[PDB]
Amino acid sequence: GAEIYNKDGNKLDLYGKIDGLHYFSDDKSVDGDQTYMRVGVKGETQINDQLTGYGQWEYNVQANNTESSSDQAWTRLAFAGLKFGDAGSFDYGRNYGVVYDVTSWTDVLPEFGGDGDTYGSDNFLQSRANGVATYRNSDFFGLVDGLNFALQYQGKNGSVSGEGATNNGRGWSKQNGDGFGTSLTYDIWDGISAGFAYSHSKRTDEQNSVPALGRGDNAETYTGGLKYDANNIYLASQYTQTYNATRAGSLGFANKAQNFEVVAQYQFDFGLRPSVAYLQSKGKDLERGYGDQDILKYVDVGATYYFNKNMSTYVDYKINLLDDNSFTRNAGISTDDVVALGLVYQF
């Protein structure tokens, strides 16, 4: 970020990036130009000695389609908050679900990974989400250096019309009822971290009536993760079991799913950072005769070269291990490999 304002206790950071990005793939819905930019602001205001106020906005602007194309920009984050010294912080708005407090440890691939793979955005509390109220406490009230926990509540984001509607309605794959989540992370050793996260949300009428797959009044996630980040080495894994909460492509939700991500990286001092990872999502108890199915399965190999802190370039190669079957065909799940080439200017 670039601090563009700092005066009389108030600070404003402007940040973002421009990613000149191209995908190569036999999947024609993935292939071609993928250039986009992000822009955001982070602001902080000193209220008194024990109270600081803050806000953050993050905006995604696609730049790979035409000037007449529709819906090419959207807000990723918009929240306002208060920080009460060592008693914690509280914020409300569009923010990350606290499950990401753990799964973010494997969201480090050169290009792929993260939301869109084993979980999505607007997908209960697994990633970015509307209407989340988040209490956080770092180093447990100042007692325990390295122990962090979060408690989070989300109100219902319902259908567009009818009985289950809210003002901000959306389709069933992005709906949620009232829900809550919790996370806990700790520095178990020098450079080694362990984390656990839990979420429980009500499902909506349309999730239990419109798609073919997935039935249940509640969505639940359980997550455990490990991270090692020292001596130029980064290793991380996350394992998550979900109920009625992992998407089964366009067909609905998986009544149960088991998701696993693991990644290994090395940082060379001259700027090169090679990366290898493996990601899978196994759905279980699927209706309509599908039974157990692979929702995602691939090996990732790539590398980033950091020219400096404001410029980088990368290659990323998704080695897709899914087979073509009637589930992947009916759910719209991609089974082809992808190669990505990126050149990134960051401010």
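Sequential numbering from 1, following the sequence displayed. Whichever C-alpha set is largest while still superposing within 1.5 Å between the two forms counts as the rigid core.
**Q** Which of 72 to 80 and 187 to 195 lies farther, on average, from the shown form in 5 other deposited structures of this protein once the rigid core is superposed (C-alpha RMS)?
**A** Checking 72 to 80 against 187 to 195 in 5 other deposited structures of this protein, I find the farther stretch is 187 to 195.
**Q** Overlaying the structures in 5 other deposited structures of this protein on the rigid core, point out which of 145 to 153 and 100 to 108 has the bigger RMS C-alpha shift.
**A** Looking at 100 to 108 and 145 to 153 in 5 other deposited structures of this protein, the bigger mover is 145 to 153.
**Q** Higher mean Cα B-factor in the deposited model: 143 to 151 or 263 to 271?
**A** It is 143 to 151 that shows the higher mean C-alpha B-factor.
**Q** Per the entry, where is the mean C-alpha temperature factor higher: 211 to 219 or 118 to 126?
**A** According to the entry, 211 to 219 carries the higher average C-alpha B-factor.
**Q** Looking at 247, 76, 227, 203, which one carries the largest C-alpha B-factor according to the PDB entry?
**A** Each of 247, 76, 227, 203 was compared by C-alpha B-factor; the highest is 227.
**Q** Per the coordinate record, which of the options 18, 14, 338, 21 holds the highest CA temperature factor?
**A** Of 18, 14, 338, 21, 14 has the highest C-alpha B-factor.
**Q** C-alpha B factor of residue 290, ranked within the chain: lowest, middle or highest third?
**A** It falls in the top third of the chain.
**Q** Could you look up the Cα B-factor of residue 251 in the entry and say which third of the chain it sits in: lowest, middle or highest?
**A** Its C-alpha B-factor, which the entry lists for residue 251, ranks in the highest third among residues of this chain.
**Q** Rank-wise, by C-alpha B-factor, drop residue 302 into the lowest, middle or highest third of its chain.
**A** Middle third, going by the recorded CA B-factors of the chain.
**Q** Quick check on the deposited entry: does the C-alpha B-factor of residue 238 sit in the lowest, middle or highest third of its chain?
**A** CA B-factor rank for residue 238: middle third.
**Q** With respect to C-alpha B-factor, does residue 311 fall in the lowest, middle or highest third of the chain as deposited?
**A** Lowest third - that is where residue 311 ends up once the chain's C-alpha B-factors are sorted.
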